[PDB]
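Asks: Before we start, here is the structure in question, set down as structure tokens.
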Amino acid sequence: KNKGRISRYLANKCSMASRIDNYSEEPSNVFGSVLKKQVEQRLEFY
Amino acid sequence: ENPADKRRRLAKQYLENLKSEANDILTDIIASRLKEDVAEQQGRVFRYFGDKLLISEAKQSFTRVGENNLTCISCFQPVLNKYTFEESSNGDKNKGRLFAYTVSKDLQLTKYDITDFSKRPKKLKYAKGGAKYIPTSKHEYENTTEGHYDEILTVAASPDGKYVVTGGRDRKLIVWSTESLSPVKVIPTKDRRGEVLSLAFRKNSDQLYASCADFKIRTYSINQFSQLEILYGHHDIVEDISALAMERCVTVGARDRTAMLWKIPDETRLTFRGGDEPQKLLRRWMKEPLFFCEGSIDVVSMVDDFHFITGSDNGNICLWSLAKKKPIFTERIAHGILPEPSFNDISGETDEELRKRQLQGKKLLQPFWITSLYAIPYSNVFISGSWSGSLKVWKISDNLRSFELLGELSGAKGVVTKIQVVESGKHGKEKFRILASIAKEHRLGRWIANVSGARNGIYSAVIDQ
Amino acid sequence: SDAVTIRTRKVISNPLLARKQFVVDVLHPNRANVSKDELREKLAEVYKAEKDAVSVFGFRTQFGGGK
Amino acid sequence: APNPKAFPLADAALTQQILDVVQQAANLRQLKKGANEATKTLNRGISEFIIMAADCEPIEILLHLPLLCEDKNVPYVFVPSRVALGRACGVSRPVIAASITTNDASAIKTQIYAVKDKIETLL
Amino acid sequence: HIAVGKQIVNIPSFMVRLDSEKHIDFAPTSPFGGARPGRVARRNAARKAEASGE
RNA sequence: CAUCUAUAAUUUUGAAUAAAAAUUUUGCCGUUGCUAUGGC
Numbered sequence: 370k371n372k373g374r375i376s377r378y379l380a381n382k383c384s385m386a387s388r389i390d391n392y393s394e395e396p397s398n399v400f401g402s403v404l405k406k407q408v409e410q411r412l413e414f415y
Numbered sequence: 057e058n059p060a061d062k063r064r065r066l067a068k069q070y071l072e073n074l075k076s077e078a079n080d081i082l083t115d116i117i118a119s120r121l122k123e124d125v126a127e128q129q130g131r132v133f134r135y136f137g138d139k140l141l142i143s144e145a146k147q148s149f150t151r152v153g154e155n156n157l158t159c160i161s162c163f164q165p166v167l168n169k170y171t172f173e174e175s176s177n178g179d180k181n182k183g184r185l186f187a188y189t190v191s192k193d194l195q196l197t198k199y200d201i202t203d204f205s206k207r208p209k210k211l212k213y214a215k216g217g218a219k220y221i222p223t224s225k226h227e228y229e230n231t232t233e234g235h236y237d238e239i240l241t242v243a244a245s246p247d248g249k250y251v252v253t254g255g256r257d258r259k260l261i262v263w264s265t266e267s268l269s270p271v272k273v274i275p276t277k278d279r280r281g282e283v284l285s286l287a288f289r290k291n292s293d294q295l296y297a298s299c300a301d302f303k304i305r306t307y308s309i310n311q312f313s314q315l316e317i318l319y320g321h322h323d324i325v326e327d328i329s330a331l332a333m334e335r336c337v338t339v340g341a342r343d344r345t346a347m348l349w350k351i352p353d354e355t356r357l358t359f360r361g362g363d364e365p366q367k368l369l370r371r372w373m374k375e394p395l396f397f398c399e400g401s402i403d404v405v406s407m408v409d410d411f412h413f414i415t416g417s418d419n420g421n422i423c424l425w426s427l428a429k430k431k432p433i434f435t436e437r438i439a440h441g442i443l444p445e446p447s448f449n450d451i452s453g454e455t456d457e458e459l460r461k462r463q464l465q466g467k468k469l470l471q472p473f474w475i476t477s478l479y480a481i482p483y484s485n486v487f488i489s490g491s492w493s494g495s496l497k498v499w500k501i502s503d504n505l506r507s508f509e510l511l512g513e514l515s516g517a518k519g520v521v522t523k524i525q526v527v528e529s530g531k532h533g534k535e536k537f538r539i540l541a542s543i544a545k546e547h548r549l550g551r552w553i554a555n556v557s558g559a560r561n562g563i564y565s566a567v568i569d570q
Numbered sequence: 002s003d004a005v006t007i008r009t010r011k012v013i014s015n016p017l018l019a020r021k022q023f024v025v026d027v028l029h030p031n032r033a034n035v036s037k038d039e040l041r042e043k044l045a046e047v048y049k050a051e052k053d054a055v056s057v058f059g060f061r062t063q064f065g066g067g068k
Numbered sequence: 003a004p005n006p007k008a009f010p011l012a013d014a015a016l017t018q019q020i021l022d023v024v025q026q027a028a029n030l031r032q033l034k035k036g037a038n039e040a041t042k043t044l045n046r047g048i049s050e051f052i053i054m055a056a057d058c059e060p061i062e063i064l065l066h067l068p069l070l071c072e073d074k075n076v077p078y079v080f081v082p083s084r085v086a087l088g089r090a091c092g093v094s095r096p097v098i099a100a101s102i103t104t105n106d107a108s109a110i111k112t113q114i115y116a117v118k119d120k121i122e123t124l125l
Numbered sequence: 133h134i135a136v137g138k139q140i141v142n143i144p145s146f147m148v149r150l151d152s153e154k155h156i157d158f159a160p161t162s163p164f165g166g167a168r169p170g171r172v173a174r175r176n177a178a179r180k181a182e183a184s185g186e
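Residue numbers (the authors' numbering), protein chains in the order written: chain CD, 370 to 415; chain CH, 57 to 83, 115 to 375, 394 to 570; chain DY, 2 to 68; chain CG, 3 to 125; chain DJ, 133 to 186.
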């Protein structure tokens, strides 16, 4: 249950990362880290 | 013992107070003061302290609150009644004690005393709505549960000082006895779209005017607990409403961008539309740049019986008079342009030049909205507030065909939901205390890009002379 | 939270008959044409004059009710 | 020298027509609001056209989408404020993408067709 | 059940204007759009209450 | 609302523990000291 929830959240956020990381002309590890930390803080909220 | 000689003697004490103050000021004038005082009830703006205030050295203070998102406040001021000289205050211990009421999105109601201009509003009492008031049935014929359960939005104390009425998204009006802060009555609004959005009492009266998202203005009588009249005509939601003594109300209905003045007794609404034309504005400035359109309309209040001020959502602050349909005078981005979003954030990419070329320069700049707009009745000074952390004080030109900037107060920090005014001291030197409810967010939605470092609280501005 | 609401319009003096004459507006939600006697009472009190001295005749109730 | 990856973006008047039509649409439920809502309408082939904002951080989240739009022949616009678009689409947080759907049983029909043609002319 | 702002309309040949086109909505005195329910709901609820009370 | 009780300061014995007569900034967290403030 919570497993599915965190998985779907990560799915949305990785769709995000892919979108930016393709369509840019070059990527941004720092922005990736921002998303990582946001998901991490949500998981901590769990 | 007799009513007649009771009135006679009381007006005497009034009169030797007047003559003693005449002696004091000399260390004619009596008639002038009397004329001003009585004619208060009618006529154009007459209080003319626009150039009298000492603004730069205004005593500025901020106070935190123990909860989040203070969405509205209202201040009530007992006044020496000119009709019958006892007081506007109800109880003897009240003796002219100044009260402030705050409502916050945490289902929070608070009564503060503000009787002193030096010290802070003392938290007299608080009440909290909970989910324990959700009506089990859904028929909505009985929305009679006595506590809030969804998002208080605004509050107003009946100028008799007996009751305070609050309303929110929960399609109910809750009226409370003041000193106990106790819920005396619920008035369901009886409609499924009917979230209350704003409240205003007719001055010195029992009439209450609830601007409801049902496109409507419902109008009630408090001490009779009755729904007098339900006026119709706006297109989209109605957002702001305010009034004065006369049976007139003013409402800005937002997305259709209309400003209506309802004369109730004769059942007639005069309508105002804005519509500045960017091509004409740009060519007029070429006759010698960023000219934003009136997306919506948010906040309105009336200085007088014939002129009033309207707050747009794109910085426009407009002076309108009843006669001409256009605003007689208009002011641009005045709360200033909202900052340019960070290049790195807006690009999400390494090449700083790419970030700048995606910022695209000017075509992305955006204005501050108008969040709180208010005026002192029949005065010539009005107060404007946004989330620029800076209240702007403005003086109407004594011609009543324009207005100018008087000054700034940088005591705010975050979203300025509501402004209210109190006056104290002697008539010659009136001490003003302006109370600004500031929160972290807008009144209605969050909608706001996390303005830096704000606090839910009260901004007190004590100004002298 | 229902109650009659009484309004006057086109108040016209008439010294010839020593009277005032006008049109009366009677908003009434959740009601059926508040009765003439109570109307007489309420107008009489509003205009400070005598109850049977005020007089009213000839109402119509707009389709759909209320006014 | 290169056009930015946001072009086109509308002037204020066209902003007004877009946002107003969006509002009436959201009130009459012909509107799928949300970035994934938009992409999924485009996929399902039921979209009248696509609005989206050009100030969200970053911009590329929604910059993906007009690729689908150009392939499928549906017009798209960038309004200069997710905040304004949110307040006009009638939800609680800033919105960065929305899609007006097809259905001719629409009491705003002529309004939407005139505005869509205005957009096509913008391009 | 559906009224043009002020008046109640039971004439399905109105030929609305634009202002009306915006103002059409449910009527303040009809159970779909306002106060107490209609007679069949009241009857059914009364029957429920009676059968439960007995 | 007013009254009455108690709380909070006085009148008196009084150094008063004491006995006596009447009256009337915060939900959390951090920074700052002779109140100001920052983050969630």
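A virtual CB, placed ideally from N, CA and C, is assigned to each residue, including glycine.
Give me the Cα-Cα distance between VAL325/CH and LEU64/CG, rounded to the nearest whole angstrom.
Replies: Taking the straight line joining both Cα atoms gives about 33 Å.
Asks: Which first and last residues belong to the beta strand (DSSP E) in which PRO270/CH is found?
Replies: Here the beta strand (DSSP E) through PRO270/CH covers 269 to 275.
Asks: Check the Cβ-Cβ distances between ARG89/CG and every residue of chain CH, and say whether any is below 9 Å.
Replies: Cβ-Cβ to chain CH under 9 Å: yes for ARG89/CG.
Asks: By the three-class DSSP mapping on this structure, what secondary structure does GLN195/CH have?
Replies: Here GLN195/CH sits in strand by DSSP.
Asks: Within 10 angstroms of its Cβ, does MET347/CH collect 16 or more other Cβ (buried), or is it exposed?
Replies: Its Cβ being crowded by 16 or more others within 10 Å, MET347/CH is buried.
Asks: Starting from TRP425/CH, trace the beta strand (DSSP E) both ways and give me its first and last residue.
Replies: First-last of the beta strand (DSSP E) with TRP425/CH: 422 to 426.
Asks: Determine the direct distance from the alpha carbon of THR6/DY to that of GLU46/DY, and round the result to whole angstroms.
Replies: Each residue's alpha carbon lies about 14 Å from the other.
Asks: So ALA86/CG and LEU16/CG are supposed to be a Cβ contact under 8 Å. How far apart are they, rounded?
Replies: The Cβ separation is near 13 Å, so there is no contact.
Asks: Should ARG64/CH go down as buried or exposed, given a rule of 16 or more other Cβ atoms within 10 Å for buried?
Replies: Exposed, since its Cβ has fewer than 16 Cβ neighbours within 10 Å.
Asks: Would you mind sorting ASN561/CH into buried or exposed? The rule is 16 or more other CB atoms within 10 Å of its CB.
Replies: Buried, since its Cβ has 16 or more Cβ neighbours within 10 Å.
Asks: CA-CA distance, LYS206/CH and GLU39/DY?
Replies: So the alpha carbons of these two residues sit roughly 54 Å apart.
Asks: Would you mind reading off the limits of the beta strand (DSSP E) that contains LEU33/CG?
Replies: First-last of the beta strand (DSSP E) with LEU33/CG: 33 to 35.
Asks: Taking DSSP as the reference, what is the three-state secondary structure of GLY466/CH?
Replies: Three-state result, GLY466/CH: helix.
Asks: Along the segment 24 to 38 of chain DY, where does the CB come closer than 8 Å to a CB of chain CH? Name the residues.
Replies: Result list: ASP26, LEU28, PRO30.
Asks: In the DSSP assignment, what residue or residues form a beta bridge with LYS180/CH?
Replies: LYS180/CH is not bridged to any residue.
Asks: State the Cα-Cα distance for the pair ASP53/DY and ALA4/DY, rounded to the nearest angstrom.
Replies: Answer to the nearest angstrom: the Cα atoms are 23 Å apart.
Asks: Going along chain CH in order, which residues have a C-beta closer than 7 Å to the C-beta of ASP3/DY?
Replies: In chain order: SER313, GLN314.
Asks: Taking only beta carbons into account, state which residues of the segment 43 to 66 of chain CG come closer than 8 Å to chain CD, listed in chain order.
Replies: Correct list: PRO60, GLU62, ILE63, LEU65, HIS66.
Asks: Quick one: what's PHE186/CH bridged to in DSSP?
Replies: Answer is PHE163/CH, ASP200/CH, bridged to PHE186/CH.
Asks: For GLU238/CH, does the three-state DSSP call read helix, strand or coil?
Replies: The answer is coil: DSSP assigns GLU238/CH none of H, G, I, E or B.
Asks: Closest to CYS398/CH by CA distance: which of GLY153/CH, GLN471/CH, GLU457/CH is it?
Replies: It is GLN471/CH.
Asks: For the segment 343 to 359 of chain CH, which residues have a beta carbon sitting closer than 7 Å to at least one beta carbon of chain DY?
Replies: From the segment 343 to 359 of chain CH, only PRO352, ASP353 have a Cβ closer than 7 Å to chain DY.
Asks: Quick one: what's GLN314/CH bridged to in DSSP?
Replies: Answer is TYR307/CH.
Asks: With which residues is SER502/CH paired in a DSSP beta bridge?
Replies: Answer is none; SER502/CH lacks a bridge partner.
Asks: Shortest alpha-carbon distance to residue 194/CG belongs to which of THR123/CG, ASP13/CG, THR104/CG, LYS120/CG?
Replies: In the structure as shown, chain CG starts at 3 and stops at 125, and residue 194/CG therefore has no counterpart that could be examined.
Asks: So who's on the other strand from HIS412/CH, going by DSSP bridges?
Replies: DSSP output for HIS412/CH lists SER426/CH as bridge partner(s).
Asks: Determine the DSSP secondary structure at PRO394/CH, reduced to helix, strand or coil.
Replies: In the structure shown, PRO394/CH sits in coil (DSSP, three-state: anything other than H, G, I, E or B).
Asks: Could you check whether the segment 159 to 168 of chain CH touches the segment 181 to 192 of chain CH, counting it as contact only if at least three pairs of C-beta atoms, one from each stretch, sit closer than 8 Å?
Replies: Yes, the segment 159 to 168 of chain CH touches the segment 181 to 192 of chain CH.
Asks: Nearest by alpha-carbon distance to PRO30/DY: which of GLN128/CH, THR232/CH, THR306/CH, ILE524/CH is it?
Replies: Nearest option by C-alpha distance: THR306/CH.
Asks: When DSSP labels each residue in this structure, what does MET347/CH get in the three-state scheme?
Replies: If DSSP states are grouped into helix, strand and coil, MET347/CH belongs with the strands.
Asks: What are the boundary residues of the alpha helix (DSSP H) that includes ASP80/CH?
Replies: Run containing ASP80/CH: 59 to 82, per the alpha helix (DSSP H) assignment.
Asks: Give a yes or no on whether 9 Å exceeds the smallest Cβ distance from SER298/CH to chain DY.
Replies: For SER298/CH, the answer is no, since every Cβ of chain DY falls outside 9 Å of its Cβ.
Asks: Just checking my contact of residue 379/CH with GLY137/CH at CB under 8 Å: how many whole Å lie between their CB atoms?
Replies: In this structure residue 379/CH is absent; chain CH steps straight from 375 to 394.
Asks: Please determine if the segment 314 to 321 of chain CH and the segment 137 to 156 of chain DJ are in contact, where contact requires at least 3 C-beta pairs separated by less than 8 Å.
Replies: Yes: the two stretches touch, three or more of their Cβ pairs being nearer than 8 Å.
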